[PDB]
């Protein structure tokens, strides 16, 4: 593939997921690349009924960015402490090697704003030869 995720999927590293989720109230859960689409899920702490969960993504080293709405997905077996939101983002026909593709996650609820920015580095998608 000419594109890989430059980070481990948090759902495969539960101890790291749990720490970040408890601290930030939002954390990326799944992320995968298939056929120039990036898809995944986000877990949020259930602090209010109405929620706005977005991926903020750049394809040009933050010269510009797009906010993409995530969609609530009820788990029939889920609890009430957290909620899961999905996203699906089509990638550009070609992506840069000289610029960076990076994203982070925002969560608006209860008059508060929470973010997952991967410890200040954002989540990077890198090119492969």
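Residue numbers count along the first chain shown, from 1.
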{"property": "Stretch with the greater mean C-alpha B-factor as recorded in the entry, comparing 54 to 62 against 33 to 41", "result": "33 to 41"}
{"property": "Between the two ranges 9 to 17 and 103 to 111, the one averaging a larger CA B factor in the entry", "result": "9 to 17"}
{"property": "C-alpha B-factor winner, where the candidates are 82, 75, 86, 97", "result": "97"}
{"property": "Chain-relative CA temperature factor third for residue 118", "result": "middle"}
{"property": "Where the record places residue 47 (Cα B-factor, split into thirds across the chain)", "result": "middle"}
{"property": "Residue 91, C-alpha B-factor rank within chain (lowest, middle or highest third)", "result": "highest"}
